[PDB]
Amino acid sequence: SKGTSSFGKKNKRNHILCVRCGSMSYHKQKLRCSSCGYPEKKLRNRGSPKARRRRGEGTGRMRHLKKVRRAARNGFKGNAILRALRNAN
Amino acid sequence: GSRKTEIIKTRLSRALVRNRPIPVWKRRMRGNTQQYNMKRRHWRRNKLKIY
Amino acid sequence: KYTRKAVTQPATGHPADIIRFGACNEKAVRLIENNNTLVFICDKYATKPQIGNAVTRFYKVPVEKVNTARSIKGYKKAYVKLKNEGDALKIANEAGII
Amino acid sequence: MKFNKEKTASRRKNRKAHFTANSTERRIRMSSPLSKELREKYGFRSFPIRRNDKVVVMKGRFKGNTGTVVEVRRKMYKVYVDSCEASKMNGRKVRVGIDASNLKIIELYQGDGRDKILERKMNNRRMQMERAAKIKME
Amino acid sequence: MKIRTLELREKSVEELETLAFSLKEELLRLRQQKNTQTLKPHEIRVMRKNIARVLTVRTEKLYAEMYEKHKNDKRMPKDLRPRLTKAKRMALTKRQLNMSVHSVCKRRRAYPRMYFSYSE
RNA sequence: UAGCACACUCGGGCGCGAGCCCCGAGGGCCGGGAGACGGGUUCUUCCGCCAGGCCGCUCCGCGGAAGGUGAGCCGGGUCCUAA
RNA sequence: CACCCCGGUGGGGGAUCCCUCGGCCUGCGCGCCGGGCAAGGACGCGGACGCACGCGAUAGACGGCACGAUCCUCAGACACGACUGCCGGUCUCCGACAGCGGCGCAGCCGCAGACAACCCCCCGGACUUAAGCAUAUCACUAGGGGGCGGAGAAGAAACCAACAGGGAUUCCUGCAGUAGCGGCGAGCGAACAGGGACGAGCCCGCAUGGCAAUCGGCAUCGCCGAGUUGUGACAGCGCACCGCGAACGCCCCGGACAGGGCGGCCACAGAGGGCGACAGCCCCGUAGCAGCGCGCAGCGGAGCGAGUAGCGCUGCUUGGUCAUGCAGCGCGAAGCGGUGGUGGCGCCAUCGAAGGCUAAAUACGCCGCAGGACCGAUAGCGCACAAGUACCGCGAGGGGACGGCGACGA
Ligand SMILES: [Mg+2]
Ligand SMILES: [Mg+2]
Ligand SMILES: [Mg+2]
Ligand SMILES: [Mg+2]
Ligand SMILES: [Mg+2]
Ligand SMILES: [Mg+2]
Ligand SMILES: [Mg+2]
Ligand SMILES: [Mg+2]
Ligand SMILES: [Mg+2]
Ligand SMILES: [Mg+2]
Ligand SMILES: [Mg+2]
Ligand SMILES: [Mg+2]
Ligand SMILES: [Mg+2]
Ligand SMILES: [Mg+2]
Ligand SMILES: [Mg+2]
Ligand SMILES: [Mg+2]
Ligand SMILES: [Mg+2]
Ligand SMILES: [Mg+2]
Ligand SMILES: [Mg+2]
Ligand SMILES: [Mg+2]
Ligand SMILES: [Mg+2]
Ligand SMILES: [Mg+2]
Ligand SMILES: [Mg+2]
Ligand SMILES: [Mg+2]
Ligand SMILES: [Mg+2]
Ligand SMILES: [Mg+2]
Ligand SMILES: [Mg+2]
Ligand SMILES: [Mg+2]
Ligand SMILES: [Mg+2]
Ligand SMILES: [Mg+2]
Ligand SMILES: [Mg+2]
Ligand SMILES: [Mg+2]
Ligand SMILES: [Mg+2]
Ligand SMILES: [Zn+2]
């Protein structure tokens, strides 16, 4: 009753895909992601010290940041076509 | 379950195309230490969390 | 108002972007011969008028109806029925679909 | 001693630099000494080995053999010389991989712009010897 | 590298737009032959890459053209300004940081920097 | 060792191999067929197996290769509001 | 016969030892996010491509420059540039709007979101210690909220002092476990000096009146706007920045010489790594070697700070004690005021609050670099491996295991 019989009724799925963080944590009734806190503007304060190691900055692709490290290393010379045009004048 | 949103089916298709063995020409590459796909997923043993 | 983006990329929606290829399956051959219908595998974001406009542009034949189905294998299968009779068989030999 | 603090004497970092060297560096690490007849002409100690280089084997089983370089493989660092071979079971003759340090170049290939690259190292060696001659003169 | 960049510099920007559309068509004919027949393994590779090569030369010519159009503009387009950093774009200029009030100007003018050496 | 199939039976077939796979016969038994949620390719075809299936398997929800989901009218959105 | 013990061989398992492209620690360097769409995510992208990693419809090397002959499993590609390196392009979609705000504003902009080690502001525990416990302690911590930056904050005295006086801040030393606070219990606990690092000072307001001399915007030397409820000032920057680098032969053993033996050689190079055993001379390297320029102009200077200071009460805080700081409320100043380890009053002494800015010394993770009396696969990071992966949890979250043939020639 309390255990094995009651697990047959667990066919609802409350936490669905979050559109911000992509974890299966967006609640349907609550309309809030339990992981990242969407749709609050700021990110939810992560519930563990390891949660930054899993989900924080640097754990993803860092598509813009890897470009701006490379430009900062070279001195922010920017677009190579426009670099020669500013140098001629 | 035959009624699904667009997001559910795209995630289900992405899980399906992923679920395949290593292509057999990869076993002849040098430095290929992989013999079978350890991330193979069977539908009855391993569940997907696509809700 | 000055333009903020001076250098703009060319727009999408080219017919080669929409159509990946025409299928040579056992089903697709049966649709070419019996139903005057080509089967194209297309981009999954392509709508029915965009797919039909691509077939009229790239293969230069008028299109009666477009049926689409997003496959579970990842792509969008599009069934393109042509207007003129015997014409899908005329396309698939010239296009090399069969 | 190495007085440059910015370069490593660390074994771990030197070993990682050898096995994860990129292809431009792996070409340099596969250098081979010249003969004395090449060193009177070119002057430099060694040069990176290339296909179609004539080579005498200096160490190993094939020591004393001469042959052309028929295959260089940068990953696994192995030079394959013509007439340094071993058969498989099915009679197929396989070239045996020799390290570039065990080969001495007898005749340098000069075809695909390599004569430019040899002369660039030769002239920079000659120019740098002129500067060190003037500095020791002064 | 079937289409070389040397030939693409001669074409104009709209001439490269038609070339990328024509090359996209041939890629669709190549993807047809890959499904129906065999192909040399990198034919789709090569045609995909020279579409990218035509479009890059199109972009590189267009950055050069749009720069000389809006060079002496009051507000250049954001494409043609250097993308430093949002913080570095919002920085005060070196002229603005050197701005000082009149009393700091008169004092530096009336008591300028002296160049001297001491010895005992 | 505890334990694990113990309403089936007979003949035939394919097969290296058969109590269980297939066919025919006999004897019995009970649900079966459509939707949702949930599953996600398990569907279907071809090939396989000396691995998995509380035994065995030539079989399979297994392994491999494929194939398959077509809508103005069905369901949802492009509609309406309920709490 | 079984059973047991000892040994041999074979199993079984993975200890030991040796190894190590990993960790850890320390130092140094860097300190650069975002509507130009970030962090993160979703989905796609390879001829044969699952995972990993890379990438974005220009989707598994697109361009420029440098490099110069391989990449490879097949097929193929390749001096019309393979493999690479550096930089730049392209860079889907979700994710920063009921948006909010500035400027006369045909319009142009900004804020949001990330980062959470360092730093600033607010909020603020309890376990714990007191051998119980309530004040105290833990602790003005943890934690939560907000906000920056490459540092931040602070900062040119309403200061310290009591001397023959010193002279911004920050940091170190030191005062000092001291004065002091404290159920005067447990415990807590500074400051001036002296010495040092580093050094740096400035500004707004009450600016002309023979004329706002000032600024913003534009489609620009002319409009429009701001503004008299008052606008007004230039001393610092930049470029260049290499390619080469010495010196070894023979014999023995061995699968192989880097070993042994003999004989040399180079060294401003005998650091280290690779190479079929342990290499100064085989290779990569190592020691060694290379700079500069361009700027700085003018016109006010006694301006001064109020619902404050202070007092009273309250709450918090502090070592701060008849109040150290902070706040709220009541009262509410002055031309003189504040302060003087902090009761009141008087002296004398010393400063000028209630406006603003300010380098350097100081702190610090990721990351990069270099080191180390560190650990050496149950250790060291959770991860030397398709590790924040597999996997589990409705969820917040939780989180492993797994290294080794050889001359990669057979
Ligand atoms: Mg229920
Ligand atoms: Mg519910
Ligand atoms: Mg469902
Ligand atoms: Mg189940
Ligand atoms: Mg594009
Ligand atoms: Mg449909
Ligand atoms: Mg039994
Ligand atoms: Mg039964
Ligand atoms: Mg059914
Ligand atoms: Mg079936
Ligand atoms: Mg079996
Ligand atoms: Mg025994
Ligand atoms: Mg183990
Ligand atoms: Mg560190
Ligand atoms: Mg983007
Ligand atoms: Mg390229
Ligand atoms: Mg913010
Ligand atoms: Mg404790
Ligand atoms: Mg106690
Ligand atoms: Mg106790
Ligand atoms: Mg107690
Ligand atoms: Mg910043
Ligand atoms: Mg500051
Ligand atoms: Mg305390
Ligand atoms: Mg003024
Ligand atoms: Mg040398
Ligand atoms: Mg007050
Ligand atoms: Mg006084
Ligand atoms: Mg006193
Ligand atoms: Mg002041
Ligand atoms: Mg071990
Ligand atoms: Mg471990
Ligand atoms: Mg449970
Ligand atoms: Zn979320």
# chains A, B, ... in the order shown; residues from 1 in each chain; ligands from 1

$ residues_near_ligand --ligand "ligand 29" --cutoff "9 Å" --atoms "only C-alpha atoms (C1' of nucleotides) and all ligand atoms" --output "PyMOL selection string"
chain G and resi 340-342

$ residues_near_ligand --ligand "ligand 7" --cutoff "8 Å" --atoms "only C-alpha atoms (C1' of nucleotides) and all ligand atoms" --output "list in words"
residues 1, 2 and 3 of chain F

$ residues_near_ligand --ligand "ligand 5" --cutoff "7 Å" --atoms "only C-alpha atoms (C1' of nucleotides) and all ligand atoms" --output "PDB file with N, CA, C and O atoms (P, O5', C5', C4', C3', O3' and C1' of nucleotides), in the first residue's frame"
ATOM      1  N   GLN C   9      25.110  39.119 -43.508  1.00  0.00           N
ATOM      2  CA  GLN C   9      25.223  37.863 -44.214  1.00  0.00           C
ATOM      3  C   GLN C   9      24.081  37.713 -45.206  1.00  0.00           C
ATOM      4  O   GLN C   9      23.048  38.368 -45.068  1.00  0.00           O
ATOM      5  N   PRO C  10      24.249  36.888 -46.240  1.00  0.00           N
ATOM      6  CA  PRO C  10      23.116  36.603 -47.120  1.00  0.00           C
ATOM      7  C   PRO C  10      22.071  35.774 -46.400  1.00  0.00           C
ATOM      8  O   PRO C  10      22.391  34.957 -45.535  1.00  0.00           O
TER       9      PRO C  10
ATOM     10  P     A G  57      27.705  29.217 -39.473  1.00  0.00           P
ATOM     11  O5'   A G  57      27.631  28.034 -40.512  1.00  0.00           O
ATOM     12  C5'   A G  57      26.607  27.065 -40.411  1.00  0.00           C
ATOM     13  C4'   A G  57      25.835  26.962 -41.693  1.00  0.00           C
ATOM     14  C3'   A G  57      25.144  28.243 -42.133  1.00  0.00           C
ATOM     15  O3'   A G  57      25.075  28.271 -43.552  1.00  0.00           O
ATOM     16  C1'   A G  57      23.534  26.579 -41.725  1.00  0.00           C
ATOM     17  P     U G  58      25.592  29.549 -44.363  1.00  0.00           P
ATOM     18  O5'   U G  58      27.165  29.404 -44.346  1.00  0.00           O
ATOM     19  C5'   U G  58      27.806  28.402 -45.117  1.00  0.00           C
ATOM     20  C4'   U G  58      29.264  28.245 -44.765  1.00  0.00           C
ATOM     21  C3'   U G  58      29.568  27.837 -43.328  1.00  0.00           C
ATOM     22  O3'   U G  58      30.721  27.014 -43.344  1.00  0.00           O
ATOM     23  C1'   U G  58      30.710  29.808 -43.823  1.00  0.00           C
ATOM     24  P     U G  90      31.684  38.034 -38.831  1.00  0.00           P
ATOM     25  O5'   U G  90      30.600  36.940 -39.179  1.00  0.00           O
ATOM     26  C5'   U G  90      30.479  36.451 -40.496  1.00  0.00           C
ATOM     27  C4'   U G  90      30.283  34.962 -40.518  1.00  0.00           C
ATOM     28  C3'   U G  90      29.312  34.388 -39.519  1.00  0.00           C
ATOM     29  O3'   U G  90      27.966  34.564 -39.896  1.00  0.00           O
ATOM     30  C1'   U G  90      31.239  33.031 -39.633  1.00  0.00           C
TER      31        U G  90
END

$ residues_near_ligand --ligand "ligand 26" --cutoff "10 Å" --atoms "only C-alpha atoms (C1' of nucleotides) and all ligand atoms" --output "PDB file with N, CA, C and O atoms (P, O5', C5', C4', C3', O3' and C1' of nucleotides), in the first residue's frame"
ATOM      1  N   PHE D  44      75.480  23.255 -40.957  1.00  0.00           N
ATOM      2  CA  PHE D  44      74.708  22.996 -39.759  1.00  0.00           C
ATOM      3  C   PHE D  44      74.882  21.562 -39.300  1.00  0.00           C
ATOM      4  O   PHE D  44      75.266  20.682 -40.067  1.00  0.00           O
ATOM      5  N   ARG D  45      74.621  21.358 -38.012  1.00  0.00           N
ATOM      6  CA  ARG D  45      74.849  20.077 -37.361  1.00  0.00           C
ATOM      7  C   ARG D  45      73.890  19.022 -37.895  1.00  0.00           C
ATOM      8  O   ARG D  45      74.310  17.966 -38.372  1.00  0.00           O
ATOM      9  N   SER D  46      72.597  19.318 -37.865  1.00  0.00           N
ATOM     10  CA  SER D  46      71.570  18.375 -38.261  1.00  0.00           C
ATOM     11  C   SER D  46      70.470  19.125 -38.993  1.00  0.00           C
ATOM     12  O   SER D  46      70.448  20.356 -39.027  1.00  0.00           O
TER      13      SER D  46
ATOM     14  P     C G 244      67.101  29.195 -37.991  1.00  0.00           P
ATOM     15  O5'   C G 244      68.515  28.935 -37.298  1.00  0.00           O
ATOM     16  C5'   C G 244      69.719  28.971 -38.045  1.00  0.00           C
ATOM     17  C4'   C G 244      70.904  29.424 -37.221  1.00  0.00           C
ATOM     18  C3'   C G 244      71.601  28.384 -36.394  1.00  0.00           C
ATOM     19  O3'   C G 244      72.423  27.572 -37.184  1.00  0.00           O
ATOM     20  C1'   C G 244      71.383  30.361 -35.140  1.00  0.00           C
ATOM     21  P     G G 245      72.849  26.145 -36.636  1.00  0.00           P
ATOM     22  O5'   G G 245      73.952  26.485 -35.578  1.00  0.00           O
ATOM     23  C5'   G G 245      73.862  25.853 -34.346  1.00  0.00           C
ATOM     24  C4'   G G 245      74.601  26.563 -33.270  1.00  0.00           C
ATOM     25  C3'   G G 245      74.777  25.674 -32.059  1.00  0.00           C
ATOM     26  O3'   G G 245      76.000  24.963 -32.107  1.00  0.00           O
ATOM     27  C1'   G G 245      73.608  27.613 -31.433  1.00  0.00           C
ATOM     28  P     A G 246      76.076  23.497 -32.755  1.00  0.00           P
ATOM     29  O5'   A G 246      77.604  23.125 -32.613  1.00  0.00           O
ATOM     30  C5'   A G 246      78.607  24.041 -33.010  1.00  0.00           C
ATOM     31  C4'   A G 246      79.811  23.890 -32.133  1.00  0.00           C
ATOM     32  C3'   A G 246      80.268  22.456 -31.951  1.00  0.00           C
ATOM     33  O3'   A G 246      81.216  22.086 -32.935  1.00  0.00           O
ATOM     34  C1'   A G 246      79.986  23.481 -29.837  1.00  0.00           C
ATOM     35  P     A G 247      80.944  20.853 -33.916  1.00  0.00           P
ATOM     36  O5'   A G 247      81.574  19.615 -33.154  1.00  0.00           O
ATOM     37  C5'   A G 247      82.908  19.659 -32.682  1.00  0.00           C
ATOM     38  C4'   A G 247      83.043  18.879 -31.409  1.00  0.00           C
ATOM     39  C3'   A G 247      82.503  17.471 -31.456  1.00  0.00           C
ATOM     40  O3'   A G 247      83.429  16.560 -32.008  1.00  0.00           O
ATOM     41  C1'   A G 247      81.747  18.550 -29.501  1.00  0.00           C
ATOM     42  P     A G 269      79.087  27.488 -19.953  1.00  0.00           P
ATOM     43  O5'   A G 269      78.081  26.617 -20.807  1.00  0.00           O
ATOM     44  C5'   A G 269      76.864  26.162 -20.236  1.00  0.00           C
ATOM     45  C4'   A G 269      76.089  25.294 -21.191  1.00  0.00           C
ATOM     46  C3'   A G 269      76.501  23.832 -21.243  1.00  0.00           C
ATOM     47  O3'   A G 269      75.346  23.058 -21.544  1.00  0.00           O
ATOM     48  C1'   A G 269      76.696  24.765 -23.370  1.00  0.00           C
ATOM     49  P     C G 281      75.027  14.133 -25.327  1.00  0.00           P
ATOM     50  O5'   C G 281      76.079  14.291 -26.498  1.00  0.00           O
ATOM     51  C5'   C G 281      75.953  15.324 -27.451  1.00  0.00           C
ATOM     52  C4'   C G 281      77.222  15.481 -28.240  1.00  0.00           C
ATOM     53  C3'   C G 281      77.661  14.285 -29.056  1.00  0.00           C
ATOM     54  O3'   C G 281      77.006  14.258 -30.301  1.00  0.00           O
ATOM     55  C1'   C G 281      79.511  15.222 -27.903  1.00  0.00           C
ATOM     56  P     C G 283      73.041  15.320 -33.845  1.00  0.00           P
ATOM     57  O5'   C G 283      71.535  15.543 -33.413  1.00  0.00           O
ATOM     58  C5'   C G 283      70.487  15.185 -34.287  1.00  0.00           C
ATOM     59  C4'   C G 283      69.165  15.144 -33.581  1.00  0.00           C
ATOM     60  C3'   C G 283      68.748  16.402 -32.865  1.00  0.00           C
ATOM     61  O3'   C G 283      68.290  17.410 -33.734  1.00  0.00           O
ATOM     62  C1'   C G 283      68.301  14.545 -31.498  1.00  0.00           C
ATOM     63  P     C G 284      68.528  18.951 -33.383  1.00  0.00           P
ATOM     64  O5'   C G 284      67.402  19.260 -32.320  1.00  0.00           O
ATOM     65  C5'   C G 284      66.045  19.090 -32.669  1.00  0.00           C
ATOM     66  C4'   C G 284      65.167  19.135 -31.458  1.00  0.00           C
ATOM     67  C3'   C G 284      65.313  20.374 -30.609  1.00  0.00           C
ATOM     68  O3'   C G 284      64.616  21.483 -31.128  1.00  0.00           O
ATOM     69  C1'   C G 284      65.348  18.472 -29.228  1.00  0.00           C
ATOM     70  P     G G 285      65.294  22.928 -31.074  1.00  0.00           P
ATOM     71  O5'   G G 285      64.939  23.436 -29.618  1.00  0.00           O
ATOM     72  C5'   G G 285      65.918  24.048 -28.802  1.00  0.00           C
ATOM     73  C4'   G G 285      65.965  23.401 -27.450  1.00  0.00           C
ATOM     74  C3'   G G 285      66.828  24.087 -26.414  1.00  0.00           C
ATOM     75  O3'   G G 285      66.166  25.152 -25.765  1.00  0.00           O
ATOM     76  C1'   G G 285      67.321  21.789 -26.438  1.00  0.00           C
ATOM     77  P     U G 286      66.947  26.508 -25.430  1.00  0.00           P
ATOM     78  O5'   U G 286      68.011  26.092 -24.337  1.00  0.00           O
ATOM     79  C5'   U G 286      67.636  25.667 -23.041  1.00  0.00           C
ATOM     80  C4'   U G 286      68.854  25.226 -22.283  1.00  0.00           C
ATOM     81  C3'   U G 286      69.929  26.282 -22.166  1.00  0.00           C
ATOM     82  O3'   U G 286      69.708  27.138 -21.074  1.00  0.00           O
ATOM     83  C1'   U G 286      70.890  24.270 -22.928  1.00  0.00           C
TER      84        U G 286
END

$ closest_atom_pairs --of "chain A" --to "chain E" --cutoff "12 Å" --atoms "only C-alpha atoms" --output "tab-separated table"
residue	atom	partner	partner_atom	distance
A:64	CA	E:85	CA	11.0
A:65	CA	E:85	CA	10.8
A:67	CA	E:83	CA	11.1
A:68	CA	E:85	CA	8.0
A:69	CA	E:85	CA	10.8
A:70	CA	E:84	CA	11.6
A:71	CA	E:84	CA	8.2
A:72	CA	E:84	CA	8.3
A:73	CA	E:84	CA	11.9
A:74	CA	E:84	CA	11.3
A:75	CA	E:84	CA	9.0
A:76	CA	E:84	CA	5.7
A:77	CA	E:82	CA	7.5
A:78	CA	E:82	CA	5.8
A:79	CA	E:82	CA	7.2
A:80	CA	E:60	CA	9.1
A:81	CA	E:60	CA	6.5
A:82	CA	E:64	CA	6.8
A:83	CA	E:82	CA	8.8
A:84	CA	E:64	CA	9.6
A:85	CA	E:64	CA	7.6
A:86	CA	E:67	CA	9.3
A:88	CA	E:68	CA	11.7
A:89	CA	E:71	CA	9.9

$ residues_around --residues "residue 318 of chain G" --least-positions-apart "5" --cutoff "12 Å" --atoms "only C-alpha atoms (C1' of nucleotides)" --output "ChimeraX atom specification"
/G:140,180-181,188-190,323-326

$ write_last_selection --atoms "N, CA, C and O atoms (P, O5', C5', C4', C3', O3' and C1' of nucleotides)" --output "PDB file, in the first residue's frame"
ATOM      1  P     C G 140      34.225  38.831  16.692  1.00  0.00           P
ATOM      2  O5'   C G 140      33.664  40.064  15.870  1.00  0.00           O
ATOM      3  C5'   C G 140      33.309  39.931  14.507  1.00  0.00           C
ATOM      4  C4'   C G 140      31.819  39.988  14.310  1.00  0.00           C
ATOM      5  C3'   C G 140      31.347  40.308  12.911  1.00  0.00           C
ATOM      6  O3'   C G 140      31.372  39.168  12.082  1.00  0.00           O
ATOM      7  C1'   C G 140      30.098  41.550  14.489  1.00  0.00           C
ATOM      8  P     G G 180      43.881  48.741  33.286  1.00  0.00           P
ATOM      9  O5'   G G 180      42.719  48.410  32.264  1.00  0.00           O
ATOM     10  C5'   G G 180      41.621  49.284  32.108  1.00  0.00           C
ATOM     11  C4'   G G 180      40.882  48.993  30.835  1.00  0.00           C
ATOM     12  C3'   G G 180      39.721  48.031  30.939  1.00  0.00           C
ATOM     13  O3'   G G 180      38.549  48.673  31.386  1.00  0.00           O
ATOM     14  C1'   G G 180      41.081  47.400  29.143  1.00  0.00           C
ATOM     15  P     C G 181      37.526  47.922  32.350  1.00  0.00           P
ATOM     16  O5'   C G 181      36.687  47.039  31.353  1.00  0.00           O
ATOM     17  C5'   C G 181      35.925  47.645  30.336  1.00  0.00           C
ATOM     18  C4'   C G 181      35.426  46.616  29.370  1.00  0.00           C
ATOM     19  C3'   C G 181      34.599  45.508  29.967  1.00  0.00           C
ATOM     20  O3'   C G 181      33.255  45.890  30.143  1.00  0.00           O
ATOM     21  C1'   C G 181      36.204  44.594  28.513  1.00  0.00           C
ATOM     22  P     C G 188      39.790  33.864  23.694  1.00  0.00           P
ATOM     23  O5'   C G 188      39.353  35.343  23.329  1.00  0.00           O
ATOM     24  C5'   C G 188      38.102  35.612  22.719  1.00  0.00           C
ATOM     25  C4'   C G 188      37.616  37.000  23.047  1.00  0.00           C
ATOM     26  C3'   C G 188      38.467  38.145  22.548  1.00  0.00           C
ATOM     27  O3'   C G 188      38.227  38.448  21.193  1.00  0.00           O
ATOM     28  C1'   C G 188      37.887  38.525  24.795  1.00  0.00           C
ATOM     29  P     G G 189      39.424  38.921  20.254  1.00  0.00           P
ATOM     30  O5'   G G 189      39.966  40.239  20.941  1.00  0.00           O
ATOM     31  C5'   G G 189      39.257  41.456  20.830  1.00  0.00           C
ATOM     32  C4'   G G 189      39.966  42.557  21.558  1.00  0.00           C
ATOM     33  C3'   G G 189      41.420  42.726  21.198  1.00  0.00           C
ATOM     34  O3'   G G 189      41.613  43.419  20.000  1.00  0.00           O
ATOM     35  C1'   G G 189      41.210  42.737  23.524  1.00  0.00           C
ATOM     36  P     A G 190      42.724  42.894  18.997  1.00  0.00           P
ATOM     37  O5'   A G 190      43.813  44.036  19.033  1.00  0.00           O
ATOM     38  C5'   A G 190      43.775  45.101  18.115  1.00  0.00           C
ATOM     39  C4'   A G 190      43.064  46.305  18.664  1.00  0.00           C
ATOM     40  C3'   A G 190      43.799  47.609  18.535  1.00  0.00           C
ATOM     41  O3'   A G 190      43.819  48.104  17.221  1.00  0.00           O
ATOM     42  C1'   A G 190      42.813  47.502  20.651  1.00  0.00           C
ATOM     43  P     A G 323      28.275  58.520  29.467  1.00  0.00           P
ATOM     44  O5'   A G 323      29.103  57.743  28.370  1.00  0.00           O
ATOM     45  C5'   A G 323      30.521  57.710  28.388  1.00  0.00           C
ATOM     46  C4'   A G 323      31.057  56.810  27.311  1.00  0.00           C
ATOM     47  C3'   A G 323      30.832  57.316  25.898  1.00  0.00           C
ATOM     48  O3'   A G 323      31.938  57.008  25.076  1.00  0.00           O
ATOM     49  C1'   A G 323      29.682  55.251  26.220  1.00  0.00           C
ATOM     50  P     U G 324      32.258  57.950  23.831  1.00  0.00           P
ATOM     51  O5'   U G 324      32.831  56.926  22.792  1.00  0.00           O
ATOM     52  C5'   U G 324      34.102  56.356  22.981  1.00  0.00           C
ATOM     53  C4'   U G 324      34.399  55.431  21.854  1.00  0.00           C
ATOM     54  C3'   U G 324      33.414  55.514  20.717  1.00  0.00           C
ATOM     55  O3'   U G 324      33.594  56.626  19.874  1.00  0.00           O
ATOM     56  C1'   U G 324      33.736  53.274  21.271  1.00  0.00           C
ATOM     57  P     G G 325      32.319  57.474  19.421  1.00  0.00           P
ATOM     58  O5'   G G 325      31.838  56.742  18.107  1.00  0.00           O
ATOM     59  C5'   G G 325      32.755  56.420  17.084  1.00  0.00           C
ATOM     60  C4'   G G 325      32.293  55.223  16.300  1.00  0.00           C
ATOM     61  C3'   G G 325      30.927  55.344  15.671  1.00  0.00           C
ATOM     62  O3'   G G 325      30.975  56.042  14.445  1.00  0.00           O
ATOM     63  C1'   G G 325      31.075  53.298  16.802  1.00  0.00           C
ATOM     64  P     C G 326      29.802  57.041  14.037  1.00  0.00           P
ATOM     65  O5'   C G 326      28.609  56.068  13.693  1.00  0.00           O
ATOM     66  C5'   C G 326      28.719  55.173  12.606  1.00  0.00           C
ATOM     67  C4'   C G 326      27.590  54.191  12.593  1.00  0.00           C
ATOM     68  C3'   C G 326      26.210  54.792  12.618  1.00  0.00           C
ATOM     69  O3'   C G 326      25.794  55.311  11.381  1.00  0.00           O
ATOM     70  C1'   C G 326      26.307  53.036  14.158  1.00  0.00           C
TER      71        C G 326
END

$ residues_near_ligand --ligand "ligand 16" --cutoff "7 Å" --atoms "only C-alpha atoms (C1' of nucleotides) and all ligand atoms" --output "list in words"
residues 61, 62 and 63 of chain G

$ residues_near_ligand --ligand "ligand 17" --cutoff "12 Å" --atoms "only C-alpha atoms (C1' of nucleotides) and all ligand atoms" --output "PDB file with C-alpha atoms (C1' of nucleotides), in the first residue's frame"
ATOM      1  CA  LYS A  41      16.159  37.076 -13.717  1.00  0.00           C
ATOM      2  CA  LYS A  42      19.147  36.257 -11.558  1.00  0.00           C
ATOM      3  CA  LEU A  43      20.311  32.673 -11.298  1.00  0.00           C
TER       4      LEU A  43
ATOM      5  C1'   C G  33      32.141  39.060 -19.529  1.00  0.00           C
ATOM      6  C1'   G G  34      27.501  41.070 -21.373  1.00  0.00           C
ATOM      7  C1'   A G  96      19.328  39.319 -19.689  1.00  0.00           C
ATOM      8  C1'   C G 111      20.728  49.699 -16.763  1.00  0.00           C
ATOM      9  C1'   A G 112      19.241  44.422 -16.465  1.00  0.00           C
ATOM     10  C1'   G G 113      22.358  38.892 -16.913  1.00  0.00           C
ATOM     11  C1'   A G 114      27.175  36.353 -15.601  1.00  0.00           C
ATOM     12  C1'   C G 115      31.314  36.250 -12.201  1.00  0.00           C
ATOM     13  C1'   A G 116      31.056  35.007  -5.807  1.00  0.00           C
ATOM     14  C1'   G G 146      23.120  43.763  -2.867  1.00  0.00           C
ATOM     15  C1'   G G 147      27.583  45.946  -5.504  1.00  0.00           C
ATOM     16  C1'   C G 148      32.447  46.812  -7.876  1.00  0.00           C
TER      17        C G 148
END

$ residues_near_ligand --ligand "ligand 12" --cutoff "10 Å" --atoms "only C-alpha atoms (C1' of nucleotides) and all ligand atoms" --output "list in words"
residues 5, 6, 7 and 8 of chain G
